[PDB]
Amino acid sequence: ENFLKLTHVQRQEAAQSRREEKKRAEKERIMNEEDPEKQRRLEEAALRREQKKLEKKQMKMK
Amino acid sequence: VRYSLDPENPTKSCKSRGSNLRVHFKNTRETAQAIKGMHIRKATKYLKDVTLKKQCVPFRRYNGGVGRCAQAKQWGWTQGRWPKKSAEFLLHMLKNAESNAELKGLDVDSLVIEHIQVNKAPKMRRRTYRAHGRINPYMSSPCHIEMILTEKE
RNA sequence: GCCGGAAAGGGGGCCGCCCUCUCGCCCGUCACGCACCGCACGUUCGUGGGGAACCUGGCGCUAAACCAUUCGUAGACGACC
RNA sequence: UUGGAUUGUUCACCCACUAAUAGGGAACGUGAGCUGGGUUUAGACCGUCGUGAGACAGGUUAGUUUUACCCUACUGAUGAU
RNA sequence: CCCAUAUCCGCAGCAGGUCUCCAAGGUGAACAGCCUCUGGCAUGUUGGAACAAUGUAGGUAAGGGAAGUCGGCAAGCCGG
RNA sequence: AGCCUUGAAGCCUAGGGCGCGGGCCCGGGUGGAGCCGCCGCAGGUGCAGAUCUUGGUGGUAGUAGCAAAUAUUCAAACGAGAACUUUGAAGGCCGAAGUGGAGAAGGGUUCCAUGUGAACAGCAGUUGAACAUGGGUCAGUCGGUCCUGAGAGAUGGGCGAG
RNA sequence: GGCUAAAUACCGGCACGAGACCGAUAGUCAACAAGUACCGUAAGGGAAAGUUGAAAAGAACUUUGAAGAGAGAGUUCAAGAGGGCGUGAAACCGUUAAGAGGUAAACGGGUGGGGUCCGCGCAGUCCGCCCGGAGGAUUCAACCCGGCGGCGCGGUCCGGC
Ligand SMILES: [Mg+2]
Ligand SMILES: [Mg+2]
Ligand SMILES: [Mg+2]
Ligand SMILES: [Mg+2]
Ligand SMILES: [Mg+2]
Ligand SMILES: [Mg+2]
Ligand SMILES: [Mg+2]
Ligand SMILES: [Mg+2]
Ligand SMILES: [Mg+2]
Ligand SMILES: [Mg+2]
Ligand SMILES: [Mg+2]
Ligand SMILES: [Mg+2]
Ligand SMILES: [Mg+2]
Ligand SMILES: [Mg+2]
Ligand SMILES: [Mg+2]
Ligand SMILES: [Mg+2]
Ligand SMILES: [Mg+2]
Ligand SMILES: [Mg+2]
Ligand SMILES: [Mg+2]
Ligand SMILES: [Mg+2]
Ligand SMILES: [Mg+2]
Ligand SMILES: [Mg+2]
Ligand SMILES: [Mg+2]
Ligand SMILES: [Mg+2]
Ligand SMILES: [Mg+2]
Ligand SMILES: [Mg+2]
Ligand SMILES: [Mg+2]
Ligand SMILES: [Mg+2]
Ligand SMILES: [Mg+2]
Ligand SMILES: [Mg+2]
Ligand SMILES: [Mg+2]
Ligand SMILES: [Mg+2]
Ligand SMILES: [Mg+2]
Ligand SMILES: [Mg+2]
Ligand SMILES: [Mg+2]
Ligand SMILES: [Mg+2]
Ligand SMILES: [Mg+2]
Ligand SMILES: [Mg+2]
Ligand SMILES: [Mg+2]
Ligand SMILES: [Mg+2]
């Protein structure tokens, strides 16, 4: 357990990197979506998802 | 938190937990004993088949009135059911344990669900209405859950 | 190798040979072996029954049951065809 | 070892058929099996008794018949060794 | 605002109870029953699959016609 | 010149024992601040029951059940999520003594809008008469107000311990 | 016909002090937003409910999931104290370990089998005397000095009380 605590920073950094890669791939797929109506629906859902995350964060902070 | 069984090796073992999960405790104890030793791909596949009624859940300890099905002759039992709310609660929890073994860098395709127990949570209380002006309890039986997976190659 | 055994079937008799000793049994000669110093479950059936996993080879073996589906000679559900 | 008329009847009695229309038991078998005609609450009528309230194995009429999902037994249905 | 099979009283979003106003077309004697228009609703605290028994509520039964039962109870006949 | 933050009470204990027993002493754990031995004193002083009292929890049991009043179906939208929300198209019911449109008594914010999905709405809900925010009831002519009805009720008087 | 302080009474009121009292099912019904919530048309009836920690230092931040919920991280002596949070028993339940299983279970007497720990088992007691065997003291008896104490029919010593 002590070793895992020592290694704790590395695991968080790796987890953050894998989320950055997943987010980058999601943006690339949205960019690559040929149909403008599909692209808009995906973009609106992504933005609303972010907004829900922001509201949830603000509620937890409150 | 303080679990019941501690893993034999904390690095290659992931944990999960659930408190006041509005499921049925008897159903969750049975679909947890069905999962108790499986491999995590076997489990997610089984628990999806339970929701699609391609495999069942043998009801062994709480089997009053629990009718007989044909898909229980694989467990050498006669009675069984297809708990959907209870195959989806300890599937969102098997997903949580997956996303907790990736936070530890384990091999998700090598995880065996090693320890899994279901406890009994505080009952929530409602009331029904019966004949001759009598009111009765209509209490809910929630459960606590907690699993521990482990890399076992 | 041939024989005979079925009630819940005999590792028995016999044919041979190319093997090998005159020891095996009785009565004696001849000396020896831990003679562990008075002392308990010793001495067999026992290459026991079950269970694991190991080495070492020889010959060989590559299936079904259940579920899902289907049927209706069947059926509360299972079961059954 | 029966079908019916009368009676709440048990009993009894008669008609008809029949081989014969024997007797009985099982908490006077059997009300979470039924019915509720009788008996046996509260309403009322008549008779006899009592000054009276009331009484009458004396008649009359109307009168709520609850629950099994438990264990066993039994009947079927899975399965177990 | 509700004024009632969810805003009231019955412990409740309870088949109960609770005072009135207005009042279309057809059939028909008719404010009866049945279909419809205006207006309203989504089957009355849930759905899916089966189609066993025993129930609950409706039906129909050859021949006989109360032999059933304490008793024609129930059902049936009749019906304008 | 008792024990105690170098760990008191309490509780748990396949640990060691004592006593015929009531009971007791040690060890380990948990805990975190008070406690006991003796000689006397005092008492609201020892529980298995009382159809005991209060609280908690089981088997029954994932069982009974979620069956009065004919009935739902398709596509789309919102959404993490749709048998149940919303729109549209079908099919149906109520069938002017209505499941319509308005009022009295009663309720008291149930009204309207936006949001929420914890609890509740005996399944679910993206919905609600739920929850949280805010709004909303405008009178010389509509009623009350006024008048008497059945009746209630002062003064005078009478009665009365009051 | 009339008046009249003091000694005397006081489970209401204001303000006080105390206790061989109870210690949150006790003590007032009420330690707490208690004659409150609630019930009844009314007269009336009438509860349950105290405890995180020394200090909120009340868990930033990362992560899965829509969320509740978790997994990490951090605070603290301690979250094995995490907003109904001191300690956290019993019934009841879950899981892990060990054994067992057709006369319901349980039980008393007797053993045997297995476990769990303990003995901190695994070469087994010490003690007095004496004999011998090797060593080491500043050491015994007896005398002298000083102190202390006991006893003395010091037959009947001096002086006290
Ligand atoms: Mg059982
Ligand atoms: Mg049963
Ligand atoms: Mg049943
Ligand atoms: Mg009811
Ligand atoms: Mg009632
Ligand atoms: Mg009898
Ligand atoms: Mg009987
Ligand atoms: Mg009866
Ligand atoms: Mg009668
Ligand atoms: Mg009478
Ligand atoms: Mg219907
Ligand atoms: Mg309704
Ligand atoms: Mg419906
Ligand atoms: Mg006929
Ligand atoms: Mg005919
Ligand atoms: Mg007759
Ligand atoms: Mg007859
Ligand atoms: Mg009739
Ligand atoms: Mg014990
Ligand atoms: Mg006392
Ligand atoms: Mg007791
Ligand atoms: Mg059922
Ligand atoms: Mg209306
Ligand atoms: Mg209206
Ligand atoms: Mg509204
Ligand atoms: Mg619900
Ligand atoms: Mg004007
Ligand atoms: Mg007066
Ligand atoms: Mg005087
Ligand atoms: Mg004093
Ligand atoms: Mg208290
Ligand atoms: Mg207490
Ligand atoms: Mg009290
Ligand atoms: Mg208490
Ligand atoms: Mg407490
Ligand atoms: Mg502590
Ligand atoms: Mg603590
Ligand atoms: Mg403290
Ligand atoms: Mg605690
Ligand atoms: Mg076992």
# chains A, B, ... in the order shown; residues from 1 in each chain; ligands from 1
call {"tool": "closest_atom_pairs", "arguments": {"of": "chain E", "to": "chain B", "cutoff": "9 Å", "atoms": "only C-alpha atoms (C1' of nucleotides)", "output": "CSV"}}
result
residue,atom,partner,partner_atom,distance
E:11,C1',B:133,CA,7.6
E:12,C1',B:129,CA,7.2
E:14,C1',B:129,CA,8.8
call {"tool": "select_by_dssp", "arguments": {"residues": "chain B", "states": "strand (DSSP E)", "output": "PyMOL selection string"}}
result
chain B and resi 13-15+18-21+57-58+80-81+111-120+127-129+135-137+143-151
call {"tool": "atom_distance", "arguments": {"atom1": "atom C1' of residue 119 of chain F", "atom2": "atom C1' of residue 61 of chain F"}}
result
26.1 Å
call {"tool": "residues_near_ligand", "arguments": {"ligand": "ligand 6", "cutoff": "8 Å", "atoms": "only C-alpha atoms (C1' of nucleotides) and all ligand atoms", "output": "list in words"}}
result
residues 27, 28, 29 and 30 of chain D
call {"tool": "write_last_selection", "arguments": {"atoms": "C-alpha atoms (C1' of nucleotides)", "output": "PDB file, in the first residue's frame"}}
result
ATOM      1  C1'   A D  27     -65.008 -36.964  17.787  1.00  0.00           C
ATOM      2  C1'   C D  28     -73.376 -39.869  17.602  1.00  0.00           C
ATOM      3  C1'   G D  29     -67.265 -39.670  10.283  1.00  0.00           C
ATOM      4  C1'   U D  30     -67.678 -35.305   7.502  1.00  0.00           C
TER       5        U D  30
END
call {"tool": "atom_distance", "arguments": {"atom1": "atom CA of residue 43 of chain A", "atom2": "atom CA of residue 29 of chain A"}}
result
10.5 Å
call {"tool": "residues_near_ligand", "arguments": {"ligand": "ligand 23", "cutoff": "10 Å", "atoms": "only C-alpha atoms (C1' of nucleotides) and all ligand atoms", "output": "JSON, numbers by chain"}}
result
{"E": [3, 4, 40], "F": [98, 99, 100, 101, 102]}
call {"tool": "atom_distance", "arguments": {"atom1": "atom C1' of residue 89 of chain F", "atom2": "atom CA of residue 38 of chain A"}}
result
27.2 Å
call {"tool": "closest_atom_pairs", "arguments": {"of": "chain F", "to": "chain B", "cutoff": "12 Å", "atoms": "only C-alpha atoms (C1' of nucleotides)", "output": "Markdown table"}}
result
| residue | atom | partner | partner_atom | distance |
| --- | --- | --- | --- | --- |
| F:57 | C1' | B:123 | CA | 12.0 |
| F:59 | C1' | B:64 | CA | 11.8 |
| F:60 | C1' | B:64 | CA | 10.3 |
| F:61 | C1' | B:64 | CA | 6.8 |
| F:62 | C1' | B:26 | CA | 7.1 |
| F:63 | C1' | B:65 | CA | 6.6 |
| F:64 | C1' | B:65 | CA | 11.0 |
| F:65 | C1' | B:130 | CA | 11.7 |
| F:66 | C1' | B:128 | CA | 11.3 |
| F:119 | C1' | B:124 | CA | 9.9 |
| F:120 | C1' | B:126 | CA | 9.1 |
| F:121 | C1' | B:126 | CA | 11.9 |
| F:122 | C1' | B:128 | CA | 6.6 |
call {"tool": "interface_residues", "arguments": {"of": "chain G", "to": "chain A", "cutoff": "10 Å", "atoms": "only C-alpha atoms (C1' of nucleotides)", "output": "ChimeraX atom specification"}}
result
/G:60,62-63,66-67,72-73
